[PDB]
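Scroll down for the structure; my scribbles are underneath it.
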Amino acid sequence: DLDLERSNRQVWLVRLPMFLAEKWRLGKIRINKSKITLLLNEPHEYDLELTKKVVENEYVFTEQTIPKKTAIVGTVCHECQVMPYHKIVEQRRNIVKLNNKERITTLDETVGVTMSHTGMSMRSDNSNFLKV
Amino acid sequence: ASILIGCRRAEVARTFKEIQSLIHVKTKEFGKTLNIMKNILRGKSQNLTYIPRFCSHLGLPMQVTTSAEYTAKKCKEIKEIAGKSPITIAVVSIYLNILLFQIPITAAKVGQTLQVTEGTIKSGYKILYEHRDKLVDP
DNA sequence: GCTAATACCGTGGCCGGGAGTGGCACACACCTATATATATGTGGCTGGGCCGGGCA
DNA sequence: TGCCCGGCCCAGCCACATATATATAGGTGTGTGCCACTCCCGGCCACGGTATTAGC
Numbered sequence: 058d059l060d061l062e063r064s065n066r067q068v069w070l071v072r073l074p075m076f077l078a079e080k081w082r092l093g094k095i096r097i098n099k102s103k104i105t106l107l108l109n110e117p118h119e120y121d122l123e124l125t126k127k128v129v130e131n132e133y134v135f136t137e138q207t208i209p210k211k212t213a214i215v216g217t218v219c220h221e222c223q224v225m226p233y234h235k236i237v238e239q240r241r242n243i244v245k246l247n248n249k250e251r252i253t254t255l256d257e258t259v260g261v262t263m264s265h266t267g268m269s270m271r272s273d274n275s276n277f278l279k280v
Numbered sequence: 174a175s176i177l178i179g180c181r182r183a184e185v186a187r188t189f190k191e192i193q194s195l196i197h198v199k200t201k202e203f204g205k206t207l208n209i210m211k212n213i214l215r216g217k218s234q235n236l237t238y239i240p241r242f243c244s245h246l247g248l249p250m251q252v253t254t255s256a257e258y259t260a261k262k263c264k265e266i267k268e269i270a271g272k273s274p275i276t277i278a279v280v281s282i283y284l285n286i287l288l289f290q291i292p293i294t295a296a297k298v299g300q301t302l303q304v305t306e307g308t309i310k311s312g313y314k315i316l317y318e319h320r321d322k323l324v325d326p
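Protein chains in written order, with UniProt numbering: chain U, 58 to 82, 92 to 99, 102 to 110, 117 to 138, 207 to 226, 233 to 280; chain B, 174 to 218, 234 to 326.
Encoded structure:
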């Protein structure tokens, strides 16, 4: 019983930066008449570019052979993209290029203990696994 | 039993609880098969080596190893108790030679590492402490 | 120079028979349980003594 | 500042393995062989496609 609710609704698609997007996982957009920005809550303001002006054949639907409950939302109205104290963001972007992994740990003991635990050590059982 | 025989022929020392820890042979039938196998070998015609192995299990210096060697030989010459299997003589010998120095392991750690009873190493440490007189090398 | 006809080869599914596998029977071999001295050992309970903590 | 209660540790003690013989006996497990059931393999039957030769 799929039913189109309206589709008359106009939605704008946004390609956000990763820290603010993962933070969204509220602000106030200021539309300047051909340049629009965004005043977030304390914090930065963001210019959003008119990425694609004409954006037809693109729509938005939601879901509530196996038919399921399908509802239609609205048409896509404009393709957009948020563009960006920027030195701290640039330093964080330089800082993300410092990921490393831990190296192999060298056991420093007297060897004879570990080598005793290798072969026969007069210690059996102590763990239930495939014991039937 | 063939592995144990090949161990006794090559002057190597492996305790029954070691091969028993490797293979579950139920001990008794292992002893009978080892006995009749020894009879087969006789028909087709030494605890000192255990000391460096357990000293390797504990990570002890060479002076404690040769000290437990002289202690093992002397204790083999003094008689009294004679042995009660050589494993306990080895562990109480290393126990005395390590209580002579300052490297601390106590009785619980050496009893859970070498799989020996604490009451047995203390029972042997009593009479061993009684024979402490003639066991000094230097 | 152009047209028409005939034969042979290869795959897939099903059924039957054999074979294998499982079960049953029989025989043989193991494998338990009890007493005796010996020692010596090891692991788990029993009783007594000592130590630690809290409240008025 | 003093008194009472509970828990833990140490010293110890009992039971079961190791080795010796022997009888009892009576049980259990394992192996082999045969026969029956299931699975696999082989055999049979059906259907479709491609190439070559001869005559007027």
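Think of the CB as a built atom: it goes at the ideal place given N, C-alpha and C, for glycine as much as any other residue.
CB-CB length for residue i against residue j, believed under 8 Å
| i | j | result |
| --- | --- | --- |
| residue 120 of chain U | residue 224 of chain U | 5 Å |
| residue 301 of chain B | residue 246 of chain B | 7 Å |
| residue 236 of chain B | residue 174 of chain B | Not really, about 23 Å apart at Cβ, beyond 8 Å. |
| residue 243 of chain U | residue 62 of chain U | Residue 243 of chain U to residue 62 of chain U, Cβ: 45 Å. No contact. |
| residue 226 of chain U | residue 74 of chain U | 7 Å |
| residue 124 of chain U | residue 222 of chain U | 7 Å |
| residue 325 of chain B | residue 255 of chain B | 6 Å |
| residue 92 of chain U | residue 65 of chain U | About 25 Å; that fails the 8 Å criterion. |
| residue 161 of chain B | residue 270 of chain U | It is not possible to answer for residue 161 of chain B, since the shown part of chain B is limited to 174 through 326. |
| residue 194 of chain B | residue 264 of chain U | Their Cβ separation, rounded to whole angstroms, is 12 Å, which puts residue 194 of chain B and residue 264 of chain U out of contact at 8 Å. |
| residue 59 of chain U | residue 218 of chain U | About 19 Å; that fails the 8 Å criterion. |
| residue 316 of chain B | residue 284 of chain B | 5 Å |
| residue 268 of chain U | residue 191 of chain B | 4 Å |
Which of helix, strand or coil DSSP assigns to residue i
| i | result |
| --- | --- |
| residue 208 of chain U | coil |
| residue 216 of chain U | strand |
| residue 321 of chain B | helix |
| residue 239 of chain B | helix |
| residue 68 of chain U | strand |
| residue 285 of chain B | helix |
| residue 61 of chain U | strand |
| residue 316 of chain B | helix |
| residue 178 of chain B | helix |
| residue 246 of chain B | helix |
| residue 242 of chain U | helix |
| residue 129 of chain U | coil |
| residue 257 of chain U | coil |
| residue 107 of chain U | strand |
| residue 221 of chain U | strand |
| residue 122 of chain U | strand |
| residue 137 of chain U | strand |
| residue 94 of chain U | strand |
| residue 309 of chain B | helix |
| residue 274 of chain B | helix |
| residue 299 of chain B | helix |
| residue 269 of chain U | coil |
| residue 233 of chain U | coil |
Cβ-based burial, residue i [other Cβ within 10 Å; buried from 16]
| i | result |
| --- | --- |
| residue 101 of chain U | This model leaves out residue 101 of chain U; its place in chain U lies between 99 and 102, and no residues are given there. |
| residue 239 of chain B | buried |
| residue 263 of chain B | buried |
| residue 279 of chain B | buried |
| residue 200 of chain B | exposed |
| residue 243 of chain B | buried |
| residue 282 of chain B | buried |
| residue 136 of chain U | exposed |
| residue 275 of chain U | exposed |
| residue 233 of chain U | exposed |
| residue 280 of chain U | exposed |
| residue 212 of chain U | exposed |
| residue 286 of chain B | buried |
| residue 276 of chain B | buried |
| residue 273 of chain B | exposed |
| residue 248 of chain B | buried |
| residue 237 of chain U | exposed |
| residue 179 of chain B | exposed |
| residue 252 of chain B | buried |
| residue 122 of chain U | buried |
Closer than 8 Å: residue i CB and nearest the ligand PLP heavy atom
| i | result |
| --- | --- |
| residue 110 of chain U | Although the ligand PLP was asked about, the structure shown includes no ligands whatsoever. |
**Message:** With three or more C-beta pairs closer than 8 Å as the rule, is the region 198 to 207 of chain B touching the region 257 to 275 of chain B?
**Reply:** The region 257 to 275 of chain B is not in contact with the region 198 to 207 of chain B.
**Entirely enclosed beta strand (DSSP E) segments - the region 180 to 215 of chain B, minimum 3 residues** = Taking only runs of at least 3 residues, no beta strand (DSSP E) segment lies wholly in the region 180 to 215 of chain B.
**Prompt:** Any contact of the region 179 to 187 of chain B with the region 247 to 262 of chain U, i.e. 3+ C-beta pairs under 8 Å?
**Reply:** In this structure the region 179 to 187 of chain B does not lie against the region 247 to 262 of chain U, because fewer than three pairs of beta carbons, one per stretch, are closer than 8 Å.
**Item:** Segment contact flag, the region 305 to 316 of chain B with the region 288 to 296 of chain B, C-beta cutoff 8 Å, min 3 pairs
**Value:** In this structure the region 305 to 316 of chain B touches the region 288 to 296 of chain B; the number of beta carbon pairs closer than 8 Å is three or more.
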